[PDB]
$ cat run-v2.txt   # compact mmCIF, C-alpha atoms (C1' of nucleotides) and all ligand atoms
# COMPACT_ATOMS: atom_id res chain seq x y z
CA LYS A 56 130.20 113.20 116.85
CA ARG A 57 129.55 111.89 113.34
CA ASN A 58 126.95 112.91 110.73
CA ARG A 59 124.70 109.98 109.85
CA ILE A 60 121.50 110.55 107.88
CA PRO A 61 118.79 107.88 107.89
CA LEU A 62 118.78 105.64 104.85
CA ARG A 63 115.20 104.55 105.55
CA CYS A 64 112.32 106.63 104.20
CA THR A 65 111.30 109.14 106.86
CA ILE A 66 107.81 107.69 107.23
CA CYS A 67 108.65 104.12 108.18
CA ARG A 68 111.68 105.28 110.12
CA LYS A 69 109.16 106.93 112.42
CA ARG A 70 107.29 103.66 112.55
CA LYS A 71 110.62 102.21 113.69
CA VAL A 72 110.15 99.45 111.13
CA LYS A 73 112.06 97.80 108.28
CA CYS A 74 112.42 99.90 105.18
CA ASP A 75 112.93 98.24 101.81
CA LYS A 76 114.62 101.36 100.44
CA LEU A 77 112.85 101.04 97.07
CA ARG A 78 112.52 104.22 94.96
CA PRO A 79 110.80 106.54 94.68
CA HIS A 80 108.64 104.94 97.38
CA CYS A 81 109.36 101.93 99.57
CA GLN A 82 106.93 98.99 99.28
CA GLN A 83 106.34 99.40 102.99
CA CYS A 84 104.60 102.76 102.44
CA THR A 85 102.87 101.66 99.24
CA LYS A 86 101.24 98.92 101.34
CA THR A 87 99.95 101.12 104.14
CA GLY A 88 98.31 103.45 101.60
CA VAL A 89 100.88 106.25 101.69
CA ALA A 90 103.13 105.62 98.68
CA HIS A 91 103.69 109.23 97.70
CA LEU A 92 104.30 110.62 101.18
CA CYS A 93 107.40 108.40 101.08
CA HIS A 94 110.69 110.23 100.62
CA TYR A 95 114.32 109.78 101.69
CA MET A 96 116.49 112.38 103.44
CA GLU A 97 119.36 113.97 101.48
CA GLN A 98 122.82 112.51 102.09
CA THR A 99 125.86 114.78 101.98
CA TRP A 100 127.68 112.26 99.81
CA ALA A 101 124.98 112.10 97.14
CA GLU A 102 125.15 115.85 96.53
CA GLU A 103 126.68 116.02 93.07
CA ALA A 104 124.83 112.86 92.23
CA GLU A 105 121.45 114.33 93.15
CA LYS A 106 122.09 117.74 91.55
CA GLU A 107 123.01 116.13 88.23
CA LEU A 108 120.03 113.83 88.49
CA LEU A 109 117.93 117.02 88.53
CA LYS A 110 119.89 118.84 85.81
CA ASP A 111 119.54 115.77 83.62
CA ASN A 112 115.80 115.38 84.08
CA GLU A 113 115.19 119.06 83.42
CA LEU A 114 117.19 119.41 80.20
CA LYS A 115 115.26 116.41 78.99
CA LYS A 116 111.82 117.79 79.88
CA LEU A 117 112.74 121.35 78.84
CA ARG A 118 113.77 119.96 75.47
CA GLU A 119 110.58 118.08 74.68
CA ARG A 120 108.67 121.13 75.91
CA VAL A 121 110.32 123.74 73.69
CA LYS A 122 109.19 121.49 70.83
CA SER A 123 105.54 121.33 71.82
CA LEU A 124 105.53 125.01 72.74
CA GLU A 125 106.85 125.99 69.33
CA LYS A 126 104.44 123.86 67.29
CA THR A 127 101.70 125.49 69.31
CA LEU A 128 103.26 128.85 68.53
CA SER A 129 102.22 128.01 64.98
CA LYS A 130 99.17 130.07 66.03
CA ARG B 55 148.83 117.99 91.43
CA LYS B 56 147.81 116.61 88.01
CA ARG B 57 145.17 113.85 88.14
CA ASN B 58 145.26 111.31 85.29
CA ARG B 59 143.70 108.43 87.14
CA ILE B 60 140.14 107.46 86.36
CA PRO B 61 138.73 105.74 89.55
CA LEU B 62 137.34 102.19 89.34
CA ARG B 63 135.12 102.50 92.43
CA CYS B 64 131.75 104.15 91.65
CA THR B 65 131.57 107.84 92.51
CA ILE B 66 129.33 107.34 95.53
CA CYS B 67 131.79 104.89 97.05
CA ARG B 68 134.65 107.37 96.54
CA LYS B 69 132.54 110.07 98.16
CA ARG B 70 131.70 107.67 101.00
CA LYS B 71 135.31 106.46 101.27
CA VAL B 72 134.39 102.72 101.20
CA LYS B 73 135.00 99.62 99.03
CA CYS B 74 133.29 99.17 95.69
CA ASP B 75 132.57 95.69 94.28
CA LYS B 76 132.76 97.61 91.00
CA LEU B 77 129.78 95.72 89.53
CA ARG B 78 127.51 97.05 86.74
CA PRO B 79 125.30 98.73 86.16
CA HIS B 80 125.46 99.64 89.83
CA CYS B 81 127.81 98.51 92.58
CA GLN B 82 126.18 96.51 95.39
CA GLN B 83 127.31 98.97 98.07
CA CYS B 84 124.97 101.56 96.58
CA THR B 85 122.17 99.05 96.04
CA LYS B 86 122.31 98.08 99.70
CA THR B 87 122.23 101.65 100.99
CA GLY B 88 119.39 102.16 98.51
CA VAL B 89 121.06 104.86 96.34
CA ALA B 90 121.55 102.83 93.16
CA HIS B 91 119.95 105.36 90.83
CA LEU B 92 122.87 107.53 91.94
CA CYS B 93 125.67 105.00 91.28
CA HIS B 94 127.92 105.98 88.38
CA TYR B 95 131.41 105.09 87.14
CA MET B 96 133.69 107.76 85.66
CA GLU B 97 134.32 107.26 81.95
CA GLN B 98 136.45 110.39 81.88
CA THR B 99 138.89 112.55 83.85
CA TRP B 100 137.62 114.92 86.58
CA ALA B 101 138.54 117.98 84.53
CA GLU B 102 136.82 116.51 81.49
CA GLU B 103 133.65 115.68 83.35
CA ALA B 104 133.82 119.18 84.89
CA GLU B 105 133.98 120.97 81.55
CA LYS B 106 131.30 118.65 80.18
CA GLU B 107 129.04 119.51 83.10
CA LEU B 108 129.72 123.23 82.76
CA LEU B 109 128.50 123.24 79.18
CA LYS B 110 125.52 121.13 80.14
CA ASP B 111 124.81 123.81 82.71
CA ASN B 112 124.79 126.65 80.19
CA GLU B 113 122.44 124.78 77.87
CA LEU B 114 120.10 124.34 80.83
CA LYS B 115 120.04 128.08 81.60
CA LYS B 116 119.44 129.09 77.99
CA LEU B 117 116.87 126.34 77.36
CA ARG B 118 114.93 127.28 80.48
CA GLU B 119 115.04 130.99 79.49
CA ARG B 120 114.01 130.07 75.94
CA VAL B 121 111.18 127.96 77.27
CA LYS B 122 110.03 130.76 79.57
CA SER B 123 110.14 133.36 76.80
CA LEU B 124 108.17 131.08 74.49
CA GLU B 125 105.76 130.56 77.37
CA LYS B 126 105.07 134.26 77.92
CA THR B 127 104.48 134.90 74.21
CA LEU B 128 101.61 132.51 74.76
CA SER B 129 99.15 134.94 76.36
CA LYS B 130 96.93 134.84 73.29
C1' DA C 1 103.51 101.47 117.44
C1' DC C 2 107.69 101.54 120.73
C1' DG C 3 111.50 100.10 124.45
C1' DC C 4 115.51 98.01 123.58
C1' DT C 5 119.30 95.47 121.24
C1' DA C 6 121.44 94.35 116.70
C1' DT C 7 123.51 95.82 112.95
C1' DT C 8 125.47 99.48 110.15
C1' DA C 9 127.87 103.59 108.31
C1' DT C 10 130.83 107.91 109.28
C1' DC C 11 135.71 109.85 108.95
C1' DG C 12 140.19 110.18 111.31
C1' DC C 13 144.00 107.93 110.46
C1' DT C 14 147.20 104.32 108.23
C1' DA C 15 148.92 102.99 103.92
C1' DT C 16 149.89 102.97 98.59
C1' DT C 17 150.42 105.15 93.96
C1' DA C 18 152.37 108.54 91.22
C1' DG C 19 153.43 114.02 89.83
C1' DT C 20 157.15 116.85 89.63
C1' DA D 1 162.92 112.15 97.48
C1' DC D 2 159.05 114.67 98.90
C1' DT D 3 154.13 114.80 99.04
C1' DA D 4 149.33 115.34 96.72
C1' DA D 5 146.19 112.37 95.22
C1' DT D 6 143.90 108.10 96.03
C1' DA D 7 142.07 103.88 98.42
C1' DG D 8 139.86 102.10 102.44
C1' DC D 9 140.03 100.10 107.21
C1' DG D 10 137.57 99.95 111.57
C1' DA D 11 136.22 101.72 116.29
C1' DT D 12 132.35 103.45 117.61
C1' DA D 13 128.28 106.68 116.95
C1' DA D 14 124.03 106.16 115.71
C1' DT D 15 120.52 104.29 112.94
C1' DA D 16 117.83 99.75 111.85
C1' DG D 17 114.35 96.55 113.00
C1' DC D 18 112.23 92.95 116.20
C1' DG D 19 108.08 91.58 118.41
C1' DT D 20 103.91 93.05 120.31
ZN ZN E 201 110.16 102.90 104.04
ZN ZN E 202 105.17 109.84 94.32
ZN ZN E 203 108.41 104.82 102.64
ZN ZN E 204 130.35 101.53 94.74
ZN ZN E 205 127.90 102.63 93.55
$ encode --input "run-v2.txt" --output "structure tokens"
Amino acid sequence: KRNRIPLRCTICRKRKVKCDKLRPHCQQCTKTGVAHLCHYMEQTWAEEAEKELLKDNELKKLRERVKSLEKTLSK
Amino acid sequence: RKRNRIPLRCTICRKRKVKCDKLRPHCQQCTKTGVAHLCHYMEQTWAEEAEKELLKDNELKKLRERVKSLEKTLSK
DNA sequence: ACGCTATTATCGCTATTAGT
DNA sequence: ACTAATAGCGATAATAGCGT
């Protein structure tokens, strides 16, 4: 009774095919016209990793945004 | 109880309890399982990375709240 | 696009380093 | 010495991928 989460994107895991786990979307989906419906299930061991990947990306965006917002604010 | 050792196996490998070929920028274990954008090697102690992340956290909360406030102001 | 087999990854458990 | 902290193997559970 182990906990294994698919490493293939959920689309072409359903297709029971070979997933080139490319990110954000595997070539296999990109080719069958569904690039952006391609996503990978969350692993328990990539928790911290994934949460910091989000924190990182947000501080970055939030930073460049405060700038633009406050130049706008110049009425 | 004190931890002064900075691991040589990427963090994902530690988490996954496996062997890291310790290559850069990302170990091959991660590349094979497809989670390379998540591979990272500790450059600091756990307690140092923890504090560092805590402060990053606070900046996030204030920046988001500052962005929101500046967003509301913009009604007209 | 799917039954079936091949190949892989989870986690208890064994083993090694080092704090006190 | 005693044991937490750390590293990692390996049997086996469970997913990966083939060919159609
Ligand atoms: Zn795929
Ligand atoms: Zn997309
Ligand atoms: Zn896909
Ligand atoms: Zn690794
Ligand atoms: Zn790695």
$ residues_near_ligand --input "run-v2.txt" --ligand "ligand ZN 201 (chain E)" --cutoff "8 Å" --atoms "only C-alpha atoms (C1' of nucleotides) and all ligand atoms" --output "list in words"
residues 63, 64, 65, 66, 67, 68, 72, 73, 74, 75, 76, 77, 80, 81, 82, 83, 84 and 93 of chain A
$ write_last_selection --input "run-v2.txt" --atoms "C-alpha atoms" --output "PDB file, keeping the file's coordinate frame"
ATOM      1  CA  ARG A  63     115.200 104.550 105.550  1.00  0.00           C
ATOM      2  CA  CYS A  64     112.320 106.630 104.200  1.00  0.00           C
ATOM      3  CA  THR A  65     111.300 109.140 106.860  1.00  0.00           C
ATOM      4  CA  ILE A  66     107.810 107.690 107.230  1.00  0.00           C
ATOM      5  CA  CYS A  67     108.650 104.120 108.180  1.00  0.00           C
ATOM      6  CA  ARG A  68     111.680 105.280 110.120  1.00  0.00           C
ATOM      7  CA  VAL A  72     110.150  99.450 111.130  1.00  0.00           C
ATOM      8  CA  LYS A  73     112.060  97.800 108.280  1.00  0.00           C
ATOM      9  CA  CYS A  74     112.420  99.900 105.180  1.00  0.00           C
ATOM     10  CA  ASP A  75     112.930  98.240 101.810  1.00  0.00           C
ATOM     11  CA  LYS A  76     114.620 101.360 100.440  1.00  0.00           C
ATOM     12  CA  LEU A  77     112.850 101.040  97.070  1.00  0.00           C
ATOM     13  CA  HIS A  80     108.640 104.940  97.380  1.00  0.00           C
ATOM     14  CA  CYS A  81     109.360 101.930  99.570  1.00  0.00           C
ATOM     15  CA  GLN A  82     106.930  98.990  99.280  1.00  0.00           C
ATOM     16  CA  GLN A  83     106.340  99.400 102.990  1.00  0.00           C
ATOM     17  CA  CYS A  84     104.600 102.760 102.440  1.00  0.00           C
ATOM     18  CA  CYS A  93     107.400 108.400 101.080  1.00  0.00           C
TER      19      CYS A  93
END
$ atom_distance --input "run-v2.txt" --atom1 "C1' of residue 15 (chain D)" --atom2 "CA of residue 90 (chain A)"
22.5 Å
$ closest_atom_pairs --input "run-v2.txt" --of "region 55-128 of chain B" --to "region 3-13 of chain D" --cutoff "7 Å" --atoms "only C-alpha atoms (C1' of nucleotides)" --output "tab-separated table"
residue	atom	partner	partner_atom	distance
B:55	CA	D:4	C1'	5.9
B:71	CA	D:8	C1'	6.4
B:72	CA	D:8	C1'	5.6
B:73	CA	D:8	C1'	6.4
$ interface_residues --input "run-v2.txt" --of "chain A" --to "chain B" --cutoff "9 Å" --atoms "all atoms listed in the file" --output "PyMOL selection string"
chain A and resi 62-63+75-78+100-101+104-105+107-108+110-111+113-114+117-118+120-121+124-125+127-128+130
$ write_last_selection --input "run-v2.txt" --atoms "C-alpha atoms" --output "PDB file, in the coordinates of the input"
ATOM      1  CA  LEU A  62     118.780 105.640 104.850  1.00  0.00           C
ATOM      2  CA  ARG A  63     115.200 104.550 105.550  1.00  0.00           C
ATOM      3  CA  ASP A  75     112.930  98.240 101.810  1.00  0.00           C
ATOM      4  CA  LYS A  76     114.620 101.360 100.440  1.00  0.00           C
ATOM      5  CA  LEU A  77     112.850 101.040  97.070  1.00  0.00           C
ATOM      6  CA  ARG A  78     112.520 104.220  94.960  1.00  0.00           C
ATOM      7  CA  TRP A 100     127.680 112.260  99.810  1.00  0.00           C
ATOM      8  CA  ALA A 101     124.980 112.100  97.140  1.00  0.00           C
ATOM      9  CA  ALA A 104     124.830 112.860  92.230  1.00  0.00           C
ATOM     10  CA  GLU A 105     121.450 114.330  93.150  1.00  0.00           C
ATOM     11  CA  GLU A 107     123.010 116.130  88.230  1.00  0.00           C
ATOM     12  CA  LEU A 108     120.030 113.830  88.490  1.00  0.00           C
ATOM     13  CA  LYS A 110     119.890 118.840  85.810  1.00  0.00           C
ATOM     14  CA  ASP A 111     119.540 115.770  83.620  1.00  0.00           C
ATOM     15  CA  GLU A 113     115.190 119.060  83.420  1.00  0.00           C
ATOM     16  CA  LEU A 114     117.190 119.410  80.200  1.00  0.00           C
ATOM     17  CA  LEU A 117     112.740 121.350  78.840  1.00  0.00           C
ATOM     18  CA  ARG A 118     113.770 119.960  75.470  1.00  0.00           C
ATOM     19  CA  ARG A 120     108.670 121.130  75.910  1.00  0.00           C
ATOM     20  CA  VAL A 121     110.320 123.740  73.690  1.00  0.00           C
ATOM     21  CA  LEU A 124     105.530 125.010  72.740  1.00  0.00           C
ATOM     22  CA  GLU A 125     106.850 125.990  69.330  1.00  0.00           C
ATOM     23  CA  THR A 127     101.700 125.490  69.310  1.00  0.00           C
ATOM     24  CA  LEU A 128     103.260 128.850  68.530  1.00  0.00           C
ATOM     25  CA  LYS A 130      99.170 130.070  66.030  1.00  0.00           C
TER      26      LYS A 130
END
$ atom_distance --input "run-v2.txt" --atom1 "CA of residue 98 (chain A)" --atom2 "CA of residue 57 (chain A)"
13.1 Å
$ residues_near_ligand --input "run-v2.txt" --ligand "ligand ZN 204 (chain E)" --cutoff "6 Å" --atoms "all atoms listed in the file" --output "MDAnalysis selection string"
chainID B and resid 63:64 66:67 74 76 81 83:84
